[PDB]
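Encoded as structure tokens, the structure appears first; notes follow it.
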Amino acid sequence: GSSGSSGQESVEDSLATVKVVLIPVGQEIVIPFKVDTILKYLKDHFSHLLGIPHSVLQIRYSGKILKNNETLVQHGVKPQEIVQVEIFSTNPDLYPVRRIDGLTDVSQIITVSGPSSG
């Protein structure tokens, strides 16, 4: 499609932190997204980049299936907040999900294991 046109605005009053995790890949990607802007906008992006259509690619949140015309504020998301969403494709055999190219981000994590038996 078309990607370029963009006005002027440099603020973070509404923009919230939306973490993205690849289901098939398992990688982690963080990118700022508007709470008033539909999800599609964010989706269509990964689609083109990956080279696969959105007709097969979908999103998941709170064990629910978010729609394109759907919005974060519609599900219950406030501005300047942090969340976590997962991405995956219904038809992996036809349109599999690959890693993004262009930038190199990094993340961290930690977990506690179980103690001894006795």
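Lettering and numbering for the structure tokens are positional, with chains as A, B, ... in the shown order, residues counted from 1 in each chain, and ligands counted from 1 in the shown order.
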
So that I can see what lies close to residue 52 (chain A), please list as a PDB file with N, CA, C and O atoms, in the first residue's frame the residues with an atom at most 8 Å from it, counting only C-alpha atoms and leaving out residues fewer than 5 positions away in the same chain.
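Result file follows (result15.pdb):
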ATOM      1  N   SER A  47       3.126  -6.752   8.481  1.00  0.00           N
ATOM      2  CA  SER A  47       2.717  -7.483   7.287  1.00  0.00           C
ATOM      3  C   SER A  47       3.645  -7.175   6.116  1.00  0.00           C
ATOM      4  O   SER A  47       4.397  -8.037   5.661  1.00  0.00           O
ATOM      5  N   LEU A  57      -2.504 -12.943   9.001  1.00  0.00           N
ATOM      6  CA  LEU A  57      -1.897 -12.498  10.252  1.00  0.00           C
ATOM      7  C   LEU A  57      -2.943 -11.878  11.173  1.00  0.00           C
ATOM      8  O   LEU A  57      -3.787 -11.098  10.733  1.00  0.00           O
ATOM      9  N   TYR A  95       1.857 -18.532   4.745  1.00  0.00           N
ATOM     10  CA  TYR A  95       2.480 -17.256   5.075  1.00  0.00           C
ATOM     11  C   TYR A  95       3.052 -17.280   6.490  1.00  0.00           C
ATOM     12  O   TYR A  95       2.448 -16.783   7.440  1.00  0.00           O
ATOM     13  N   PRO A  96       4.248 -17.870   6.632  1.00  0.00           N
ATOM     14  CA  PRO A  96       4.931 -17.972   7.926  1.00  0.00           C
ATOM     15  C   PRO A  96       5.429 -16.620   8.427  1.00  0.00           C
ATOM     16  O   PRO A  96       5.630 -15.693   7.643  1.00  0.00           O
TER      17      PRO A  96
END

request  = Can you pull out every residue within 12 Å of residue 63 (chain A), counting only C-alpha atoms, but drop anything in the same chain fewer than 3 positions away, and send it as a ChimeraX atom specification?
outcome  = /A:59-60,66,84-86

CA of residue 97 (chain A) to CA of residue 43 (chain A), distance in Å rounded to a single decimal =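 Separation of CA of residue 97 (chain A) and CA of residue 43 (chain A): 12.5 Å.
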
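Nearest-residue note for residue 15 (chain A): choosing from A:1, A:51, A:79, A:102, the minimum distance belongs to A:79, counting only C-alpha atoms.
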
Quick one: residues within 6 Å of residue 35 (chain A), only C-alpha atoms, excluding same-chain residues fewer than 2 positions away - as a compact mmCIF listing (two decimals) with N, CA and C atoms, in the first residue's frame?
# COMPACT_ATOMS: atom_id res chain seq x y z
N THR A 37 -5.47 4.97 18.08
CA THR A 37 -5.30 4.42 16.74
C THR A 37 -5.58 2.92 16.72
N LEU A 72 -7.37 -0.05 21.11
CA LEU A 72 -6.91 -0.40 22.45
C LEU A 72 -7.84 0.19 23.51
N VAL A 73 -8.23 1.44 23.32
CA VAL A 73 -9.11 2.12 24.26
C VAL A 73 -10.48 1.44 24.32

ask   = Between CA of residue 68 (chain A) and CA of residue 56 (chain A), what is the distance, to one decimal in Å?
value = 12.1 Å

request  = Find, counting only C-alpha atoms, the residue in A:24, A:76, A:32, A:115 that gets nearest to residue 90 (chain A).
outcome  =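 Distance minimum relative to residue 90 (chain A) lands on A:24.
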
key: Distance query residue 36 (chain A) at most 10 Å, only C-alpha atoms, self and fewer than 2 positions along chain excluded, as a list in words   = residues 14, 15, 33, 34, 38, 39, 70, 71, 72, 73, 74, 77, 78 and 79 of chain A

request  = Between CA of residue 94 (chain A) and CA of residue 44 (chain A), measure the distance and give it in Å to one decimal.
outcome  =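 For CA of residue 94 (chain A) relative to CA of residue 44 (chain A), the distance reads 17.6 Å.
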
key: Residues of region 7-117 of chain A in alpha helix (DSSP H), written as number ranges by chain   = A: 40-50, 72-75

Next, write the just-selected residues to a file, as a PDB file, in the first residue's frame, keeping N, CA, C and O atoms as the atom set.
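result.pdb, freshly written:
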ATOM      1  N   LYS A  40      -4.882  -2.404  13.415  1.00  0.00           N
ATOM      2  CA  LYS A  40      -4.489  -2.606  12.025  1.00  0.00           C
ATOM      3  C   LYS A  40      -3.233  -1.807  11.694  1.00  0.00           C
ATOM      4  O   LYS A  40      -2.206  -2.373  11.321  1.00  0.00           O
ATOM      5  N   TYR A  41      -3.321  -0.489  11.834  1.00  0.00           N
ATOM      6  CA  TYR A  41      -2.192   0.388  11.549  1.00  0.00           C
ATOM      7  C   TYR A  41      -0.877  -0.268  11.957  1.00  0.00           C
ATOM      8  O   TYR A  41       0.084  -0.294  11.185  1.00  0.00           O
ATOM      9  N   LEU A  42      -0.839  -0.797  13.174  1.00  0.00           N
ATOM     10  CA  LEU A  42       0.357  -1.456  13.687  1.00  0.00           C
ATOM     11  C   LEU A  42       0.586  -2.792  12.989  1.00  0.00           C
ATOM     12  O   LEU A  42       1.724  -3.181  12.726  1.00  0.00           O
ATOM     13  N   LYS A  43      -0.504  -3.490  12.687  1.00  0.00           N
ATOM     14  CA  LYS A  43      -0.424  -4.781  12.015  1.00  0.00           C
ATOM     15  C   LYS A  43       0.086  -4.621  10.587  1.00  0.00           C
ATOM     16  O   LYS A  43       1.176  -5.085  10.251  1.00  0.00           O
ATOM     17  N   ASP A  44      -0.707  -3.960   9.751  1.00  0.00           N
ATOM     18  CA  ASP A  44      -0.334  -3.737   8.359  1.00  0.00           C
ATOM     19  C   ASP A  44       1.171  -3.526   8.227  1.00  0.00           C
ATOM     20  O   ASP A  44       1.774  -3.897   7.219  1.00  0.00           O
ATOM     21  N   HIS A  45       1.772  -2.929   9.250  1.00  0.00           N
ATOM     22  CA  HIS A  45       3.207  -2.668   9.248  1.00  0.00           C
ATOM     23  C   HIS A  45       3.995  -3.970   9.148  1.00  0.00           C
ATOM     24  O   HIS A  45       4.644  -4.239   8.137  1.00  0.00           O
ATOM     25  N   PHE A  46       3.935  -4.775  10.205  1.00  0.00           N
ATOM     26  CA  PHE A  46       4.644  -6.050  10.237  1.00  0.00           C
ATOM     27  C   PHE A  46       4.352  -6.866   8.982  1.00  0.00           C
ATOM     28  O   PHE A  46       5.217  -7.583   8.480  1.00  0.00           O
ATOM     29  N   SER A  47       3.126  -6.752   8.481  1.00  0.00           N
ATOM     30  CA  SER A  47       2.717  -7.483   7.287  1.00  0.00           C
ATOM     31  C   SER A  47       3.645  -7.175   6.116  1.00  0.00           C
ATOM     32  O   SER A  47       4.397  -8.037   5.661  1.00  0.00           O
ATOM     33  N   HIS A  48       3.587  -5.938   5.633  1.00  0.00           N
ATOM     34  CA  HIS A  48       4.421  -5.514   4.515  1.00  0.00           C
ATOM     35  C   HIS A  48       5.879  -5.902   4.747  1.00  0.00           C
ATOM     36  O   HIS A  48       6.494  -6.571   3.915  1.00  0.00           O
ATOM     37  N   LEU A  49       6.425  -5.479   5.882  1.00  0.00           N
ATOM     38  CA  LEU A  49       7.811  -5.783   6.223  1.00  0.00           C
ATOM     39  C   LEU A  49       8.100  -7.270   6.052  1.00  0.00           C
ATOM     40  O   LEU A  49       9.038  -7.655   5.351  1.00  0.00           O
ATOM     41  N   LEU A  50       7.289  -8.103   6.695  1.00  0.00           N
ATOM     42  CA  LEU A  50       7.457  -9.550   6.612  1.00  0.00           C
ATOM     43  C   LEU A  50       7.217 -10.046   5.190  1.00  0.00           C
ATOM     44  O   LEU A  50       7.749 -11.078   4.784  1.00  0.00           O
ATOM     45  N   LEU A  72      -7.371  -0.049  21.107  1.00  0.00           N
ATOM     46  CA  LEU A  72      -6.912  -0.397  22.447  1.00  0.00           C
ATOM     47  C   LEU A  72      -7.838   0.187  23.509  1.00  0.00           C
ATOM     48  O   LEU A  72      -8.193  -0.486  24.477  1.00  0.00           O
ATOM     49  N   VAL A  73      -8.227   1.444  23.320  1.00  0.00           N
ATOM     50  CA  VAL A  73      -9.114   2.119  24.261  1.00  0.00           C
ATOM     51  C   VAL A  73     -10.477   1.435  24.318  1.00  0.00           C
ATOM     52  O   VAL A  73     -11.229   1.609  25.276  1.00  0.00           O
ATOM     53  N   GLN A  74     -10.786   0.658  23.285  1.00  0.00           N
ATOM     54  CA  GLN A  74     -12.058  -0.052  23.217  1.00  0.00           C
ATOM     55  C   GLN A  74     -12.049  -1.274  24.131  1.00  0.00           C
ATOM     56  O   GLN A  74     -13.077  -1.646  24.696  1.00  0.00           O
ATOM     57  N   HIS A  75     -10.880  -1.893  24.271  1.00  0.00           N
ATOM     58  CA  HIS A  75     -10.738  -3.072  25.116  1.00  0.00           C
ATOM     59  C   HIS A  75     -10.467  -2.674  26.564  1.00  0.00           C
ATOM     60  O   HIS A  75     -10.655  -3.471  27.482  1.00  0.00           O
TER      61      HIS A  75
END

ask   = Can you tell me, as a list in words, what residues are no more than 9 Å from residue 105 (chain A) when counting only C-alpha atoms, ignoring any on the same chain fewer than 2 positions away?
value =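 Residues near the query, excluding close chain neighbours: residues 28, 29, 30, 103 and 107 of chain A.
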
task = Check chain A with DSSP on the backbone and list each residue it calls strand (DSSP E or B), as a ChimeraX atom specification.
result = /A:16-22,28-33,57-61,64-66,82-89

ask   = With distances taken over only C-alpha atoms, which of A:99, A:20, A:11, A:109 is nearest to residue 61 (chain A)?
value =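 Looking only at the distances to residue 61 (chain A), the closest residue turns out to be A:20.
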
ask   = Looking at A:89, A:27, A:69, A:104, which one is nearest to residue 54 (chain A), with distances taken over only C-alpha atoms?
value =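 With only C-alpha atoms as the atom set, the closest residue is A:89.
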